[PDB]
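Engineer: Sequences listed follow chains V and G, in order. Under UniProt numbering, the first residue of the first sequence is numbered 3264, with each subsequent residue one higher. Under UniProt numbering, the first residue of the second sequence is numbered 3264, with each subsequent residue one higher. Even for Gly, the Cβ is constructed at its ideal location relative to N, Cα and C. The structure is given below, and queries will be raised subsequently.
Number of protein chains: 2
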Amino acid sequence: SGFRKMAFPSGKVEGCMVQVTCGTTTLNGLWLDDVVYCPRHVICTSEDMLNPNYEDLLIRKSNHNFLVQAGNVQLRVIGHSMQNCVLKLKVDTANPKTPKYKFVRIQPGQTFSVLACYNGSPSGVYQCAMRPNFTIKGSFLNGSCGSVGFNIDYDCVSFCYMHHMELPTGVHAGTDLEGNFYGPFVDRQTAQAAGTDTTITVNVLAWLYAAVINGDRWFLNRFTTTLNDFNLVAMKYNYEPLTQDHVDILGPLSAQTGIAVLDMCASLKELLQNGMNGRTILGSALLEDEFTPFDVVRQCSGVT
Amino acid sequence: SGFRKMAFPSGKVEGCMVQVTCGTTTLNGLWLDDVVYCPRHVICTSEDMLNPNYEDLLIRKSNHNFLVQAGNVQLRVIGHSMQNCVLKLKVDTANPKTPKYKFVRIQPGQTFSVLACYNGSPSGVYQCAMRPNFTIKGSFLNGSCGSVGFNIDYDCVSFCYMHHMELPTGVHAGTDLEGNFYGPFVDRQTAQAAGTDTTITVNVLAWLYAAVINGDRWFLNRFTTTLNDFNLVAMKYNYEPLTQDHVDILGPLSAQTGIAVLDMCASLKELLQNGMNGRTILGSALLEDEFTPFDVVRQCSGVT
Ligand SMILES: Cc1ccncc1NC(=O)[C@@H](C)c1cc(Cl)cc(O[C@@H]2CC(=O)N2)c1
Ligand SMILES: Cc1ccncc1NC(=O)[C@@H](C)c1cc(Cl)cc(O[C@@H]2CC(=O)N2)c1
C-alpha cells in the first residue's frame, strides 16, 4: 500500500545525456545511435533570441562549431541538420549505451518522467503530465534545455518530450523528439499565451480509485450521476469533459474496486461542490490529476 | 523556475538490484562488490513471521539455498551471515556496476530517494523523508522488500534505507544497510505502534523559502516572531520545535531571499493559525515538509 508520484527509473536515459556547446551556449543533448538531438536555440546568442532566423543562423555554423561531450570524452560531429525545432548532430560513434527507444508524441492528459539535466549531467527525476493547454509544470533552470521526458515499457524507452523554454508564467514548453512543439509555442523570446489549463478529469477519477484501493474512502457517498449531469459540474469547475472512452479506460479500476465509474463521478461532483472540508486524500489537500488510469494500475500492481 | 518533489537519478542504484530467493520467498537484494544485502525475513515462511527465531531459522539454511539472480544470470553464493536484520550473501563475483558507495544512517527529517523494485527489477523512483516517528510514507507492495533508499553526492551513492515492512497503518518501516531498524520496529508480524508523527518544521520553512524564490509570495506578512513564541504555536500544531541549528541551516535561504528566518516563522505561524483559505503554495494545498533546506538550495541552483 501507499501512493506516490513515481517516476520511471532513469538509468537508460542517463546513459544518453550529453553536453552540446555552440559558441557561448551550453545545453543538453540526447545521444541515441550516431545522432545527438538538441534544441536548435543552442545556436542563438542572447541578442537574437527575440526574433531569430534559425535557417540564416545555422548557415553561419559548421560541424566543428558544435561541441558534443559525453561525460569527459569529446564526440566527433560529421553531420548537422535542422528538423523543425531540434538540431540533429551526426556523430562518428554510436552510443554504446543506446537503449531500445521510440519517439512518440503523447496526448494531453498523459504522464511522463523528466530527467532534469545541466551540462549533460543528470540532477533529478520527477513525474509530470502534458497539461490540456500543452504546457508542463516542471522544475527547470537555465542550462536545463535539452532535458527529456520519456516513458518506459519493459526495456523500450519512449521519448516524448524535449525541454525548450519557460514561459513568463513559470510553466514549461517544449517539443516531441521530431522538434514539433507541444501547443502553439514557438522557440522565440516573445510574450506567449499558455492558455486556460483545465483539470484532467479521467486522471482525478483514476486517483480517487487509487485512494479507495489504499484505504482512503471518506469521500465515497450514497449518490450516483450521469455523464451529462457530471459534465455540467465539470464545465463549471474547469474540468475536462468526461467521455465514454474515459469511462472505458477506468473499467479495470472500477472492476477491481467494485465501484461503478458514475458512482465515483458523484463522489467527485460532491468534492468539487463542497471541497475537502479540511480533510486529505492520499496525503493531498487538492484533487490530483497527474496520475493516468494506467499509472494507477501499474503502481497498484507492481509492474517492473 | 518551478518546484517539484525530485528524486535522484536512479541509474547507479539500478545496476545494484538483484533478486534473492530463499525457499518460496522472493525479495530484492543490493549487490555491492562481492556481497548481496537483503532483509533477513527472506528465510521466513508465512507460518513463522508471527514470532521468528532468525538464528534458529538461519541454521537450517546453507549457501546453496540462497538463490541470487542479477538480471538473467545466477550468482554463486560462497558465504552467508546475519548482521542485525539484514543477511549478507558473499558471492564469487564483484558487481562490475558497483558505484562509489557509503552506508549512512540518516536523521529524522532528512530526505532520500527510493528505487521501488520487484523480483530484482526496478519499477519506479520517488523522493521521501524519514519521518520524526522513524517511518516512511512510501509506495511498496508484496515483493518490494529489499528496495533501497539512497542519496547521491556527485558520484558517491550513500545508501541509507532498506525496506522491510508495512505497518497495519499503511506506513513503511525498514533498516539502515547495517540491518538496524529506524525506530522501535522489529521484523516480526505483530501489532507495532508507529507513534505520533510531527511535521518537520525546518523543512516546511525551507519550502516556504522555495515558494518565495519561485514567485509564490501571498503568505508573506508584516509580522515577525521569536523562537519561543513560534515554538508555542508549533507545539499546538504537532510541529517539531525549531532550534538555533535550524535557523542556521536556513541561513543561505534567508540570505538569498532577504527574508529573516523569524519573519518566515511568523508567516508559518499565520498559515498554521488561519490556514490556506483555499489558496495554494507551489501547487499544494497543505504545508509540505519533505524538502530539506539542502534539497531546496540544490533544486533552486541546479547541482548535478
Ligand atoms: C530560462 C529558463 C528557465 C527554465 N527552463 C528554461 C528556460 N528557458 C528560457 O526561458 C529561454 C532560454 C527561452 C527559450 C526559448 Cl526557445 C523561448 C523563450 O521564450 C519564452 C517562452 C515565452 O513565453 N517567453 C525563452
Ligand atoms: C505486505 C507489504 C506491503 C508493502 N511493503 C512491505 C510489506 N511487508 C509486510 O507487511 C510483511 C512481509 C512484514 C514483514 C515484517 Cl519483517 C514485519 C511485518 O509486520 C508488520 C509490521 C507491523 O506492524 N506488522 C510484516
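Got a sec? Which residues, its chain only, sit under 6 Å from V/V3305 by beta carbon, not counting five neighbours each side?
Structural biologist: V3283, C3285, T3288 and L3290
Engineer: Roughly how many whole angstroms lie between the Cα atoms of V/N3494 and V/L3505?
Structural biologist: 6 Å
Engineer: Put G/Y3317 into one of helix, strand or coil per three-state DSSP.
Structural biologist: Looking at G/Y3317 - three-state DSSP - the assignment turns out to be helix.
Engineer: Within 8 Å: the Cβ of G/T3506 and any heavy atom of ligand 2?
Structural biologist: Answer for G/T3506: no, Cβ out of range of ligand 2.
Engineer: By DSSP's criteria, G/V3298 is part of a beta bridge. Which residues make up the other side?
Structural biologist: Paired residue(s): G/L3295 and G/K3353.
Engineer: With DSSP as the reference, identify every bridge partner of V/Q3337, one or two as the case may be.
Structural biologist: V/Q3332
Engineer: Output yes or no for whether 9 Å exceeds the beta carbon distance between V/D3508 and V/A3392.
Structural biologist: no
Engineer: Using a Cβ-Cβ cut-off of less than 9 Å, list which residues of the stretch 3404 to 3428 of chain G approach chain V; keep chain order.
Structural biologist: Within the stretch 3404 to 3428 of chain G, the residues whose Cβ lies closer than 9 Å to some Cβ of chain V are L3404, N3405, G3406 and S3407, listed in chain order.
Engineer: Per DSSP, which residues does V/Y3424 bridge with? Please list them.
Structural biologist: V/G3412
Engineer: Measuring alpha carbon to alpha carbon, tell me which residue in G/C3408, G/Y3472, G/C3528 and G/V3510 is nearest G/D3558.
Structural biologist: Ranking the options by Cα distance to G/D3558, first place goes to G/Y3472.
Engineer: Leaving out five residues before and five after G/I3341 in sequence, what residues of the same chain have Cβ atoms less than 8 Å from its Cβ?
Structural biologist: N3326, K3353, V3354 and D3355
Engineer: Pull the bridge partners of G/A3436 from the DSSP assignment, please.
Structural biologist: G/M3428
Engineer: Taking Cβ-Cβ distances shorter than 9 Å, what residues in chain V pair up with G/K3400?
Structural biologist: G3265, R3267 and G3546
Engineer: Does the Cβ of G/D3439 have 16 or more other Cβ atoms within 10 Å, making it buried, or fewer, making it exposed?
Structural biologist: buried
Engineer: Are the beta-carbon atoms of V/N3443 and V/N3316 separated by less than 9 Å?
Structural biologist: no
Engineer: Take the Cβ of V/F3375 as the centre, count every other Cβ of all protein chains shown within 10 Å, and call the residue buried at 16 or more, exposed below.
Structural biologist: Its Cβ being crowded by 16 or more others within 10 Å, V/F3375 is buried.
Engineer: Under the rule that 16 or more other beta-carbon atoms within 10 Å means buried, what is V/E3310, buried or exposed?
Structural biologist: Around the beta carbon of V/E3310, fewer than 16 other beta carbons sit within 10 angstroms, so the residue counts as exposed.
Engineer: Would you list, in chain order, the members of the stretch 3356 to 3387 of chain V that have their beta-carbon closer than 8 Å to a beta-carbon of chain G?
Structural biologist: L3378, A3379, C3380, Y3381, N3382, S3384, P3385, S3386 and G3387
Engineer: Going straight from the alpha carbon of G/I3399 to that of G/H3435, what length do you get?
Structural biologist: 5 Å
Engineer: Does the separation of the CB atoms of G/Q3373 and G/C3423 fall below 9 Å?
Structural biologist: yes
Engineer: Which residues in chain G have a C-beta closer than 8 Å to the C-beta of V/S3273? List them in chain order.
Structural biologist: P3272, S3273, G3274 and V3388
Engineer: Thinking C-beta only, is G/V3281 closer than 9 Å to G/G3383?
Structural biologist: Yes; because the gap between Cβ atoms is below 9 Å, this pair is in contact.
Engineer: Classify V/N3414: buried if its beta carbon has 16 or more other beta carbons within 10 angstroms, exposed otherwise.
Structural biologist: Using a 10 angstroms sphere on the CB of V/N3414, the tally of other CB atoms reaches 16 or more, which defines it as buried.
Engineer: Report back the beta-carbon spacing between V/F3366 and V/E3441 to the nearest angstrom; my notes put them in contact at under 8 Å.
Structural biologist: 6 Å
Engineer: Under the assumption that G/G3433 contacts V/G3334 (Cβ atoms under 8 Å), give the Cβ distance between them as a whole number of angstroms.
Structural biologist: Wrong, their Cβ atoms sit about 42 Å apart, outside the cutoff.
Engineer: G/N3537 to G/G3387, Cα distance in whole Å?
Structural biologist: Distance between the alpha carbons of G/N3537 and G/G3387: 37 Å.
Engineer: What first and last residue would you give for the beta strand (DSSP E) that runs through V/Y3381?
Structural biologist: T3374 to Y3381
Engineer: Return no unless some Cβ of chain V is closer than 9 Å to the Cβ of G/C3391.
Structural biologist: Contact with chain V is found for G/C3391, since one of that chain's Cβ atoms lies less than 9 Å from the residue's Cβ.
Engineer: Beta-carbon of residue 3649 of chain G versus every beta-carbon of chain V: anything under 9 Å?
Structural biologist: Given a span of 3264 to 3567 for chain G in the structure shown, any question on residue 3649 of chain G remains unanswerable.
Engineer: Whose C-beta lies closer than 6 Å to the C-beta of V/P3362 among residues of the same chain, with five residues either side of it excluded?
Structural biologist: If the five residues before and after V/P3362 are omitted, its C-beta is found closer than 6 Å to the C-beta atoms of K3275 and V3420, all from its own chain and listed in chain order.
Engineer: What residue from V/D3319, V/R3368, V/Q3370 and V/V3377 has the CA that sits closest to V/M3269's CA?
Structural biologist: V/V3377
Engineer: Is G/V3467 helix, strand or coil when you go by DSSP?
Structural biologist: helix
Engineer: Can you name, in chain order, every residue of its own chain whose Cβ lies under 7 Å from the Cβ of V/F3397, other than the five neighbours on each side?
Structural biologist: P3371, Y3445 and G3446
Engineer: Between G/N3314 and the rest of its own chain, which residues show a CB-CB distance below 7 Å, the 5 nearest in sequence each way excluded?
Structural biologist: Excluding the 5 residues flanking it on each side, G/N3314 has same chain C-beta neighbours closer than 7 Å at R3451, in chain order.
Engineer: Taking Cβ positions only, does V/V3434 come closer than 9 Å to chain G?
Structural biologist: yes
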